[PDB]
Amino acid sequence: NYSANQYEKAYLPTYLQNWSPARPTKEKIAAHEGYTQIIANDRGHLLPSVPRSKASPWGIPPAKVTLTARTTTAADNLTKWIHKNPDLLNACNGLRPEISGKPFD
Amino acid sequence: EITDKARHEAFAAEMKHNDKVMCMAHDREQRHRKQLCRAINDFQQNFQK
Amino acid sequence: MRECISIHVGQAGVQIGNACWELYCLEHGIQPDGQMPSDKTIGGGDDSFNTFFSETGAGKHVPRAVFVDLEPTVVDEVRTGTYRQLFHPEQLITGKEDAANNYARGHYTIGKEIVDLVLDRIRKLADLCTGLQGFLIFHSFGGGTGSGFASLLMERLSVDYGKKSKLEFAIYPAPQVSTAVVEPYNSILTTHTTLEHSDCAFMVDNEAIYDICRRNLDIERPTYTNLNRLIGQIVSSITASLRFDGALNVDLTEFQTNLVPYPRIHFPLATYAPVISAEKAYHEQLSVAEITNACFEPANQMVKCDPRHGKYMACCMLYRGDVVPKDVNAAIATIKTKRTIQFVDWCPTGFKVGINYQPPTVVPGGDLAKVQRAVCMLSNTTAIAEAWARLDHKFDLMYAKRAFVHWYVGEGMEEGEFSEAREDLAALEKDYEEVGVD
Amino acid sequence: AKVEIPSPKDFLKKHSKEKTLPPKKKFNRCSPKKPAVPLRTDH
Amino acid sequence: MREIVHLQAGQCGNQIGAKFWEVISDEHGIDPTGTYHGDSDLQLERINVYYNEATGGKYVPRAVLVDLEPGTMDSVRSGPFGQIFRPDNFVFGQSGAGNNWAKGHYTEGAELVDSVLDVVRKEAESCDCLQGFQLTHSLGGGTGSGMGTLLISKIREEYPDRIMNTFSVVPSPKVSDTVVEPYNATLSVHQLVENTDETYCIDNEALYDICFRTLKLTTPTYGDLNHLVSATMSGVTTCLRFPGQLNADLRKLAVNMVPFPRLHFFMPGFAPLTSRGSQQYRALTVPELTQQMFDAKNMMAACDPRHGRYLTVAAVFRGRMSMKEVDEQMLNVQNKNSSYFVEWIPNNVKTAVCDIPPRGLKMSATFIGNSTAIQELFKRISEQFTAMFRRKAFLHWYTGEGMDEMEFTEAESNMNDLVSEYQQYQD
Amino acid sequence: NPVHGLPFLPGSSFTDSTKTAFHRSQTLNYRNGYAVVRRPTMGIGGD
Amino acid sequence: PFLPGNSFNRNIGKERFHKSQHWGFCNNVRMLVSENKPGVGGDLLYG
Ligand SMILES: Nc1nc2c(ncn2[C@@H]2O[C@H](COP(=O)(O)OP(=O)(O)OP(=O)(O)O)[C@@H](O)[C@H]2O)c(=O)[nH]1
Ligand SMILES: Nc1nc2c(ncn2[C@@H]2O[C@H](COP(=O)(O)OP(=O)(O)OP(=O)(O)O)[C@@H](O)[C@H]2O)c(=O)[nH]1
């Protein structure tokens, strides 16, 4: 799930025809120390002491737009008319669009 | 000139060697691809009948 | 590479797409079977058809379009037509239940269960394609099945896929002809839903299509084939840049960037100048100047808008055939000098020239003339607000006496949504003069 | 290495990025050992 | 030795190079296959200033082709001279430009600048000691403006000691087709003036009038327009490739042509243009060449310097001449219009003579002009830019790209400064 | 028998209009992790 | 010749591929089973 080195032109949506970015990647790791203890028994069972992703994931008005120049009051709703929907802001391919614009005077 | 010539024929003989087999190689794979493609298409409709 | 996908929603959108694809197979010399003669053009699907067809090692030119429908009636005989062998069987999306002219019925009752399937068709088309610049959406505002079903799909394709273009094509409602009085209900519903998502919406009206033909094509008795012939020529002309090169090549990306001035309003108007009968073409001469006069003649537009009642912002001309830069630049210079033509003082230049060597072809058993120099006129003017102005007084009376709502509230809406569209429109009209004001 | 992609933040300001300098080149010259050819009209 | 490597960019740069390179191939006399047919020793000797040597007497051009849209390159590669062009040097992208400066200057250039610099540097150690670089593109060309500003900004830091020659064409004043073109030009020239050391200024409308005036052939090909200009920068490079009592160094030219740093923009001037019957109706003599050479109708670059005055002039003469005629003609023009020059500098003329005539004609020449006639050019764009920025038309595209109006503020500010600089020096 | 390979002067050239169809061949494609370029065989219209 | 890039594998019509076991174990030691063995898809051995 990492980005490779140097030859970073052979793996892009250029061939994927991907229209929702795949996954953010990086090339950097802090120098890890640690005897990397084992904290389960036989089943992925975390020993009660150690923490996990504590059941975080377990398992339309949103659209791309720039505010540009459309009446402030209409634009203000649009921002709210974009957000306040975590059913489309959290997970499951990403569900998350972008935004831009500029204010008025 | 012996130094000069020796380079010239060493290239050209190698040069003519390269392209022609490349030309022949590219032709060969296409035809066999074509022959395989038609061969697949023939019995299948015969099998479809 | 350079390709795009066509979609045909509404039972009206399927016969027109049929003719378009019927037109498209001629210039490539496609036999109805699906194969070329013994001549060598087949492969992995890469030739003039690669942008349009998918002729893989199987040798069958597979068009890159999906025809979606909700009634088995009109979608079956085409599946028994002449080129049904060409068409991918499960690309021809059929249904068993109609939307009954109801946007929401198609948009809610049946839309959920079928969009997932067509989304599967979209993705399995998406994976096979390579560059896929945009989509070709063929629909209709008074969509009996077009209205509701197009909206939901263009929502779903927008939200998952937002980084490309989406090209929209619908018949505009006839200003004084209405084959349905619930047509204003969904039409404004479609418009307000599409303004914030649609990239480029292009309209057309059948009345003036008829009005043209008995004017100069001289056929007092055309047919839908004739109607579909003209519009199919229009989309053929705009895609000739993809099909053929010229002095310069232009793309839909340029069309989007250069045509729309500002957000919301993205509704230019098409036009094709050399509309004439074969006999009138026979003993007359065509040159750039007169067709440049003809293209801007007010009676040659398929949309009932007096251009003098409005003002121009953009004008795109796409010369397909044997032309040279000299006369056209001189001719357009004279056009700039004209006074009756009134672009906004805001735009110094609003002209996007397209040059294509290829003379457009006639169709066997057709009705058009034989043209050497053609031009397509996609343009946007302020004379269009009257149409929506026509719609609102039509709609404002109707909603006050709220006819037919018993059906709409009867299957699961309320009046708030109908409220939104009116101030949505009231925004569009009020914006139209504000930008119309210099 | 990886080449930075100049982000749309800024660029040259009013073209102050230049080298104009009007100095004076001092140190004079070498010594012209040849003296004044005449002696200013005297004896 | 001192050599030159070319840069071709923008889709016009695609067409001009092919025409530019075919002229050179023909004027040195190499077959389309690439095997040089030895006929002139001098073209045989001084080929290494622009071309390298491949195996079999094949003269590999030293140029780099960059674009985004494959179709233009496919047409170029399918031309009669694409074979002499290297698949190594065919660098391009996977995107359509949109004819947009912002994406071409920031977005798509990101993944191509690395590749293109690698190609040019590989050529750089391939050759020994360059004079510099020359670039054919357009200021109104969207992709050419985008990549050029990127690379010309770069090659300055690696090579601030060379010649960064820029060949750009000004779009038509009456109409630019592209409507965001005034924005693209204003941006590009702003970085251009900071990066370039030389700029050729050419406009297409004059070539249309030149076709009307001396060509008289009604309907030409745009390649013929390329053919007309392909001789131009060839003529200035004839100085380098050909002998004769003339100092050919563009530096020695530029220092003679650059009194002050900000003077980057220069106007070409070409020699006999002749019509159907006047080829045999013309007594080909230096005066009538000199008369025709300094004709306001013979001008092709931007507009008539009649509106302003003459800062500096340099005409290079190609053919069999003598010092006696060029001197008196210089006196003739000097006394002809002594007041039309600027009193700031007398003897503002620098002459070079090439003893080697071109193929086909004996008497020829070329001219580069720096007069006070560019004000109309960027003043014209001033009303356009001030117009379009008064309500920021089509601005939402660039904001999504990351662009914002503050950059435009100094963009117009400098060109305003240039107007006064051009104004103050003469007026 | 016109003068072939005549002076290719910048001003004038010849013309022809017998050309009817202009199709160009795709010699560029991407097709897997490496962009791959074809050898040009057919010109405009196919020749 | 056989230089890198010059190896063009026999990737033509190949319908039979059956493999044999040239070697084996037998009793309690290990050796090659009876020499007469076809190759991949019935291929003859060296001489
Ligand atoms: N573009 C186009 N429009 C047509 C054609 N025929 C009729 N129309 C108009 O386009 C509209 C199509 O909308 P609908 O009638 O709802 O068609 P539909 O949604 O596909 O399905 P139905 O409700 O069964 O008709 C009709 O109201 C007609 O006025 C045609 O052949 N082409
Ligand atoms: N090649 C070519 N270019 C032309 C011609 N006529 C005008 N031009 C202009 O030359 C300019 C330079 O081309 P490029 O720099 O490659 O342009 P681009 O960045 O690809 O994008 P555009 O400028 O929109 O074409 C273009 O902008 C054209 O407007 C012509 O006949 N041939």
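Read the figures in this text as sums done on the coordinates, not as results from a lab. Please note: Cβ atoms are built from the backbone with ideal geometry, for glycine as well, and neighbour counts cover all protein chains shown.
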Global size of the stretch E:157-280 as Cα Rg and Dmax, reported in angstrom: 17.2, 53
Residue among C:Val250, C:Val181, C:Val204 with the largest mean-square fluctuation in a Gaussian network model of chain C, springs linking Cα atoms under 10 Å: C:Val181
Efficiency of FRET from Cβ geometry, A:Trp81 and A:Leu12, R₀ 22 Å, rounded to 0.05: 0.10
Dimensions (Å) - the protein assembly as shown, Cα atoms, principal axes, largest first: 131, 102, 84
Bins of 5 Å, starting at 0 and running to the largest distance - Cα pair percent for the stretch E:335-427: 3, 9, 14, 13, 12, 10, 10, 9, 8, 7, 5, 1
Mean projected area (nm²) of the alpha-carbon convex hull when chain E is viewed from all directions: 20.6 nm²
Centre separation in Å (Cα based) which lies between the stretch E:370-427 and the stretch C:356-409: 40 Å
Charge dipole (debye, nearest 20) of chain E; +1 at Cβ of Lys and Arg, -1 at Cβ of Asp and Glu: 1260 debye
Dipole of chain C, positive direction: furthest Cα of C:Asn102, C:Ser140, C:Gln85, with charges on the beta-carbon: C:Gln85
Other-chain or far-sequence residues with amide H under 5 Å of E:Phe341's (modelled H): E:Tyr310
Inter-centroid distance (Cα atoms) of the stretch E:153-190 relative to the stretch C:121-154, Å: 41 Å
Separation of alpha-carbon centers, the stretch B:22-49 and the stretch E:242-276, rounded to whole Å: 63 Å
Stokes-Einstein D (µm²/s) once Rh is taken as the Kirkwood radius of the stretch C:300-408 over alpha-carbon pairs, at 20 °C in 1.002 mPa s: 123 µm²/s
Placed amide H near E:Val5: partners under 5 Å, 5+ positions off or other chain: E:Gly132, E:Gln134
Semi-axes of the equivalent ellipsoid for the stretch E:40-81, Cα gyration tensor, largest first, Å: 27, 11, 9
Charge tally in the Cβ shell below 14 Å around C:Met377, where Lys, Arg are +1 and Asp, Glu are -1, C:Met377 excluded: +2
Residue order, fewest to most beta carbons within 10 Å, for D:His43, B:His17: D:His43, B:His17
Within-12-Å neighbourhood charge of C:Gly321 [Cβ basis; K, R +1; D, E -1]: +2
For the stretch E:319-334, 3J(HN,Hα) per residue [Karplus equation, 6.51 cos²θ - 1.76 cosθ + 1.60, θ = phi - 60°, Hz, x = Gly/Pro]: x, 9, 10, 9, 5, 6, 6, 5, 5, 5, 4, 4, 5, 4, 5, 4
Calculated [θ] (222 nm, deg cm²/dmol) that DSSP helices of n ≥ 4 give over chain E, each run adding -39,500 (n - 2.57): -13500 deg cm²/dmol
Convex hull volume of the stretch C:1-60 per residue (C-alpha atoms, cubic angstrom): 93 Å³
Over the stretch C:230-349, volume per residue of the alpha carbon convex hull, in Å³: 140 Å³
10 Å-binned pair-distance histogram of the stretch C:62-153 (Cα, whole percent): 16, 46, 33, 5
Cα-based convex hull, the stretch E:281-379, per residue volume (Å³, whole number): 112 Å³
Per-residue Cβ neighbour rank within 10 angstrom, fewest leading, E:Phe270, E:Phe317, E:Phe242, F:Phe22: F:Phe22, E:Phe242, E:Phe270, E:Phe317
Least to most buried among B:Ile40, C:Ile171 (fewest other Cβ within 10 Å first): B:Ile40, C:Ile171
Amide hydrogen neighbours beyond the local backbone of C:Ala174, cut-off 5 Å, H modeled: none
Cβ neighbours within 10 Å from other chains - mean over F:23-35: 6
Residue of C:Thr381, C:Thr145, C:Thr179 that the Gaussian network model of chain C assigns the largest fluctuation, springs spanning Cα pairs under 10 Å: C:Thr179
